[PDB]
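The lines below spell out each chain.
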Amino acid sequence: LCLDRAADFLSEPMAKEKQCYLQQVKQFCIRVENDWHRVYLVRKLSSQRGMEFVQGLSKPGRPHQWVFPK
Amino acid sequence: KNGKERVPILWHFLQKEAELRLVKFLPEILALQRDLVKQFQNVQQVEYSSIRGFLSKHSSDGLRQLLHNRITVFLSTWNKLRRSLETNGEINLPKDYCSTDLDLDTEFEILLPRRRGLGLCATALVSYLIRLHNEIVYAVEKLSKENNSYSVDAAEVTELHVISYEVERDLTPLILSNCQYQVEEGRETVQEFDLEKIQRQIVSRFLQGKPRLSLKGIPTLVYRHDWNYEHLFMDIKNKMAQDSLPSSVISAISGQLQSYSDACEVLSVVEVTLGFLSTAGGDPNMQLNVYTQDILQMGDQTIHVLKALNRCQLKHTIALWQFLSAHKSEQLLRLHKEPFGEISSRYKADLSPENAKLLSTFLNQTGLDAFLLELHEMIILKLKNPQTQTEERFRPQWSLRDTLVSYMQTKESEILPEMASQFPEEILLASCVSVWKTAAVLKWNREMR
Amino acid sequence: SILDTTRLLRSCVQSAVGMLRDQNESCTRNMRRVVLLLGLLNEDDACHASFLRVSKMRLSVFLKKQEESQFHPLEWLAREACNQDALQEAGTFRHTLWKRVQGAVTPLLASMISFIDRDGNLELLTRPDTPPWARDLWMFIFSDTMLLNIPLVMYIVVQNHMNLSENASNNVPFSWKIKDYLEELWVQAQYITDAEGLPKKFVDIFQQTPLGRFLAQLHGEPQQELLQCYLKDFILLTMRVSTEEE
Amino acid sequence: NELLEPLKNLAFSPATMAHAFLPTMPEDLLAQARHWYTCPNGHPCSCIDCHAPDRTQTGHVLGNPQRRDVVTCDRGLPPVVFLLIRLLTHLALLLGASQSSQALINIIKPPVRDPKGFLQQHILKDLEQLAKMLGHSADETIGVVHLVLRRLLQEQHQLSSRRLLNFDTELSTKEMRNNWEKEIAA
Ligand SMILES: [Zn+2]
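Residues numbered from 1 in each chain as written, not as in the entry; some residues may be left out. Chains lettered and ligands numbered in written order. Part of a larger assembly, values for the part shown. Heavy atoms only, no water.

### Remarks on the overall build of chain B
Counting its regular elements, chain B contains 21 helices and two strands. Here chain B has a C-alpha radius of gyration of 32 Å; the compact-globule value for 449 residues is 22 Å, and the former is much larger. When the backbone C-alpha atoms are referred to their principal axes, chain B occupies close to 120 × 55 × 50 Å. Scored against the burial criterion, the 449 residues of chain B give a buried share of 51%. Residue pairs in contact within chain B that sit at least 24 positions apart in sequence constitute 78% of those at least 6 positions apart. Between the centroid of the 52 positive side chains of chain B and the centroid of its 57 negative side chains there is a distance of 1 Å. (Helix = DSSP H or I, 4+ residues; strand = E, 2+ residues; numbered from the N terminus. Rg over C-alpha atoms; globule rule 2.2 N^0.38 Å. Buried < 20%, exposed > 50% of the residue type's maximum accessible area, 1.4 Å probe, protein only. Contact = heavy atoms within 4.5 Å. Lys, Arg positive; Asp, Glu negative; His and termini not counted. Charge placed at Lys NZ, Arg CZ, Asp CG, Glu CD.)

In structure tokens:
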């Protein structure tokens, strides 16, 4: 549900609380190393925005590269 | 899942949910409109700039902010519904009104739900709740198996009656709690929504009540200049019986009232009596002087009135008004004074030679007394008021015969053979004052002879 | 004095009441209004004298407000002398002027009657069982021009708020205006003051008002009875009740 | 196929569909209902307050898509099916706007400066609502759209005969449009 909330916040086409929550999720993902958590997130993002949105986030010059596994 | 049969309440609720959520607001909108009525009721002119101006006028900070809140609720609800109201609502609405969203700069009239102009929008929105709530209540009633669900009117409306639900707070937890899952060895989990239980819970929570209606009316008063006596006459006739003046009584009053002043005095007493009877009523056989003196206590100002009205009864009142008015004007005509200053000159057109001969022939072979009285009543009621100008179904170019027949019909009055047959269609509504003048001149000549 | 304004009012009572229409369709109202106003428009008792005086004062207020919109309001006699229609309707000049004043006063008197006698008010002045405090409050409110604000008007509808039965009246004079007043004071105090401290601020603001000081004059059982009556009218104004037990 | 001809006209020959009734339409239920009565002068009445005892529009009448949180169709059809009809219609309209914009400006009410983008936004909102209704991914939803278009292409000469469906290729009236809708839905 936390990853779902982050996926929604990212799906939006700009708030301190959302950004702080996203940073906490980033740190949690980096710390715990269970990359399955990011798989779900990518999956949810694809469901909401589409695969091309995730592809666009993967490309260099992107701020959300942490969404993806290693 | 065959829901319209299996779950009709849930089906209709889900269809209308988008709009039904807005049903919770309308108690507040009703309170707003009630206070707006209270403030502006019995007022006729509205010089307010707009809602922003109106708020600035009632800038008492507490009251300003409460009004602002309510107005914002109204504007939000209207903005959402307006595009549905343009197609649904049972109340027609010019496309311009529903076209664009409203803001504080919008005209203030939009908030007063008058039965005309921009106030129809305030009426429509209030009506469109009433349909939605009622319709889903009907849906529940058809499945309650009962026929006594207590109704309520738009005055007693409170949040307890309206269908108040919040999607996230109330509904979503309901669905999620009903949403169940199934699994079998080697098979995926699959949902199975307990649709019956969703319906039963929604019914148990939200669905009860019924509203009716409430609001003002624009014609607040049509006083002296535009006074619509026709409405008073019809109200009285509905309330009690009415009768024409016997020719004996007519001649008696004519002999007594040999002066315009006395006529006016009697007529003022008749007008007071008309107002009272229209509201209250009374025994049609009661003598009018006894009524004015005993009940209305109209003493200290009744000298010759009591002698003229000694024979007249309440049922004669309308006919007596008509006689007096025509006699009043007739007196003026006898003295060559203009009695129809309140009438538009356009309605005072001449009569051409051909139409003059035709009218003279009709009048020679006509019921001159009834004709004069009816034409006078028609002129005075219809053709007199600027108010009757803004309703121009009495255009000078309309024929006089059909106009007068229409009028007589609206009061369910008896039709004289001469009206359809002998009355010339060649005479329009513009010569009506020339027609009355010619008829009165012929009457006066017959009386002098 | 110059004019018998008492007589002019009494002459205009019927014409004014004839302007009044009720929402609840209480046919038996206008007649009783006429009886009541002709009884009250006297100098027999001090209550009648005060009612008549306040009627005259408020009429003066309305007429002055109208006069502030007209040119040379001293020339009214002259204007009547220029209305051949009114002259010939009246016959004598003196009656012309009398009718002029009656026409000016009748609308305003009808308006004032609509405000004062909204639900069943006037029964309270005349009914002998009406306690003294009730008549005193009636006249206090009627005398006040900023509490009982009556706007001008240029079919008058008497906005009956209760569904009361006829032969019955509001147990407290102008219960509706008092309710509106206390609600305005509640709003003002609420937005000025926190949810805690609002009760005390609302009570204080009220006590500082004319009506608060008036009711502060009332001590003991009269005030208790007033409160009971106001509760009853408050309920009737808030919730529609089809029975008396409820 | 005959069923496609209205949409084919919209896309390739929009000028003809100027006065056409499109599925992009809500209708006056009053015209179907033939409560609040009305006086002869026009002011409503539930004699009271008066002293005296078709709103169906053509063209594309939907305004800013931002308001479209939920879909409702008066003709009792499944909201999903009406949504798909609306989507196909908007695609045809987008094609027509590409062919000639002014025609769509005539067909779209209130007017607009950028018809194609407007229709794009409506289509995207349609996709959003489809995702909400069916519960599938955005791409799966677009796949449902492609599935439906495929069905129409396969049901093109499979519609050879058994074809008595009362509708005109120009959607001249309200019943022609309703009939086209119901056939499409079937
Ligand atoms: Zn109407």
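Picking up where we left off.
### Looking at the overall build of chain D
Assigned secondary structure in chain D consists of seven helices and two strands. When its helices and strands are written in sequence order, chain D yields α-α-β-β-α-α-α-α-α. Structurally, chain D occupies a C-alpha span of about 60 × 40 × 35 Å along its principal axes. Taken across its 186 residues, chain D has 43% of its residues classed as buried. Carbon together with sulfur atoms contributes 54% to the accessible area of chain D, which is approximately 10100 Å² in total. Computing the positive centroid from 19 side-chain charges and the negative centroid from 19, chain D places the two 1 Å apart. (Areas by Shrake-Rupley, 256 points an atom, 1.4 Å probe, with all protein chains shown as cover.)

### Section: the arrangement of the chains
By number of contacts, the leading pair among the four pairs of chains in contact is chains B and C. Between chain A and chain B there is no contact, and the shortest C-alpha to C-alpha distance separating them is 15 Å. A gap remains between chain A and chain C, with no contact made and the closest C-alpha atoms lying 29 Å from each other.

### Looking at the coordination of the zinc ion
With distances of 2.3 to 2.4 Å, the protein atoms coordinating the zinc ion are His43 of chain D (O) and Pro44 of chain D (O). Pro44 of chain D shares its class with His43 of chain D; the two are buried. (Donors = N, O, S within 2.8 Å, 3.2 Å for Na, K, Ca; no water.)

### Considerations on the environment of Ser175 of chain C
Residues and elements named next belong to chain C. Tracing the backbone through its elements, the reader meets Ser175 in helix α9 (residues 175–192). Using a relative accessible area of 1% as the deciding quantity, one classes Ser175 as buried. Remark: the alpha-carbon pair of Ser175 and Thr243, spanning 68 residues in sequence, is separated by 20 Å. Among all residues touching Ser175, those that are not within four sequence positions of it are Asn170, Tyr230, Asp233 and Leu237.

### Re the interface of chain C and chain B
At the junction of the two partners, chain C supplies 34 residues and chain B supplies 40 residues. In total, about 3200 Å² of surface goes out of reach between chain C and chain B, with carbon and sulfur atoms giving 52% of it. Among the residues chain C hides against chain B, the three largest losses belong to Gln88, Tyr155 and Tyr191 of chain C. Together they make up 23% of the total. One can count four salt bridges joining chain C with chain B. Ionic pairing is found between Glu89 of chain C and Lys328 of chain B, a salt bridge with its closest N-O pair at 3.4 Å. One can count 11 residue pairs in polar contact joining chain C with chain B. Elements that contribute at least two residues to the side of chain C that touches chain B include exactly α1 (5–17), β1 (20–22), α2 (29–40), α5 (84–90), α6 (93–116), β2 (156–158) and α9 of chain C. (Buried area = accessible area lost by both parts, 1.4 Å probe. Salt bridge = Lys/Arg side-chain N within 4 Å of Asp/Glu carboxyl O. Polar contact = N/O pair within 3.5 Å; in protein donor to acceptor, adjacent residues only side chain to side chain.)

### Thoughts on the pattern of salt bridges
Scanning the entire structure with this criterion turns up 57 salt bridges over all chains. Ionic pairing is found between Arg52 of chain B and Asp105 of chain B, a salt bridge with its closest N-O pair at 2.2 Å. Of this pair, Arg52 of chain B sits in helix α4 (residues 51–57) while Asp105 of chain B sits in the loop between α6 (95–99) and α7 (119–144), and the two are 53 residues apart along the sequence. Across the salt bridge formed by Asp126 of chain D and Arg68 of chain D, the nearest N and O atoms sit 2.3 Å from each other. One end of the pair, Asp126 of chain D, is in helix α5 (residues 115–134); the other, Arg68 of chain D, is in the loop between β2 (44–45) and α3 (79–99), and 58 residues separate them in sequence.

### A look at the side chain of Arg118 of chain C
Residues and elements named next belong to chain C. Relative to the helices and strands, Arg118 is located in the loop between α6 and α7 (123–126). Here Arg118 is buried and forms no salt bridge, its nearest opposite-charge partner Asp119 lying at an N-O distance of 6.5 Å. Not counting residues within four places of it along the chain, the set of residues in contact with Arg118 comprises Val158, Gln159, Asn160, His161 and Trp176.

### Digging into helix α12 (residues 221–238) of chain C
Residues and elements named next belong to chain C. For α12, which comprises 18 residues, the first-to-last C-alpha distance of 25 Å matches the rise-based estimate of 26 Å (1.5 Å per residue) to within 8%. All of the buried residues along α12 are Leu226, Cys229, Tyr230, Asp233, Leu236 and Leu237. Across the axial projection of α12, the buried residues extend over an arc of 120°, all falling on one side. Turned more than 90 degrees away from the buried face of α12, the exposed residues are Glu221, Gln224, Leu227 and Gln228. Taken together, the buried residues of α12 touch α8 (132–143), α9 and α11 (210–217). (Expected span 1.5 Å × (residues − 1). Arc of directions from axis to C-beta.)

### Some words on the side chain of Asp226 of chain B
Residues and elements named next belong to chain B. As for its position among the elements, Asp226 is in the loop between α9 (195–206) and α10 (229–239). Despite its burial, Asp226 pairs with no opposite charge, the nearest such side chain being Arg224 at 8.4 Å. If near-sequence neighbours (up to four positions away) are discounted, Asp226 is found in contact with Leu221, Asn385 and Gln387.

### Considering the nonpolar core
One finds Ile379 of chain B together with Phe51, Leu137, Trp138 and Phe142 of chain C to be the most contacted residues of the largest nonpolar core, which totals 142 residues. Of the residues forming this core, the biggest block, 10 residues, is contributed by α6 of chain C. Other than its neighbours up to four places away in sequence, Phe142 of chain C contacts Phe51, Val54, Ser55, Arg58, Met112, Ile116, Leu148 and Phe174 of chain C. (Core = buried A, V, L, I, M, F, W, Y, C linked by side-chain atoms within 4.5 Å.)

### A look at the packing of helix α1 (residues 2–11) of chain A against helix α2 (residues 16–32) of chain A
Residue and element names in this part refer to chain A. Viewed as axis vectors pointing N to C, α1 and α2 meet at an angle of 130°, and their least axial separation amounts to 10 Å. Judged on the interaxial angle alone, α2 and α1 are oblique. Crossing angle aside, the handedness with which α1 passes α2 is left-handed. Contact residues: α1 offers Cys2, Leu3, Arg5, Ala6, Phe9 and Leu10, while α2 offers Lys18, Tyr21, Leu22, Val25 and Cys29. (Axes fitted to C-alpha atoms, helices over the stretch in contact; angles between N-to-C directions. Parallel < 35°, antiparallel > 145°, perpendicular 65-115°, else oblique. Left-handed = near helix turned anticlockwise from the far one by under 90°.)

### Points about the packing of aromatic side chains
Going through the model one piece at a time under the given rule, you end up with 23 aromatic pairs over all chains. Centre to centre, the rings of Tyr229 of chain B and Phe233 of chain B are 6.2 Å apart; their planes meet at 40°, and the pair counts as tilted. A residue pair is termed a helical-turn pair when its members lie 3 or 4 positions apart in one helix, as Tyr229 of chain B and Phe233 of chain B do in helix α10 at four residues. Overall, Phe233 of chain B belongs to the buried group, its relative accessible area being 5%. With 6.5 Å between their ring centres and 50° between their planes, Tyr230 of chain C and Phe234 of chain C make a pair best called tilted. Pair noted here: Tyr230 of chain C and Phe234 of chain C are both in helix α12, with a separation of four residues, about one helical turn. A relative accessible area of 14% means that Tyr230 of chain C is categorised as buried. For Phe234 of chain C, a relative accessible area of 37% translates into the label partly exposed. (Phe/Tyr/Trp six-rings, centres within 6.5 Å; stacked < 30°, edge-to-face > 60°.)

### Description of the packing of α5 of chain D against helix α6 (residues 138–154) of chain D
Residue and element names in this part refer to chain D. In the contact formed by α5 and α6, the axes pass within 9 Å of each other and the chain directions differ by 100°. It follows that α5 is roughly perpendicular to α6 by the angle criterion. On α6, the residues touching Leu127, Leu130, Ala131 and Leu134 of α5 are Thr141, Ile142, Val144 and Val145. Counted by class, the contact of α5 with α6 contains seven nonpolar, one polar and no charged residues. (Nonpolar A, V, L, I, M, F, W, Y, C, P; charged D, E, K, R; others polar.)

Nothing here speaks to function; it is all geometry.
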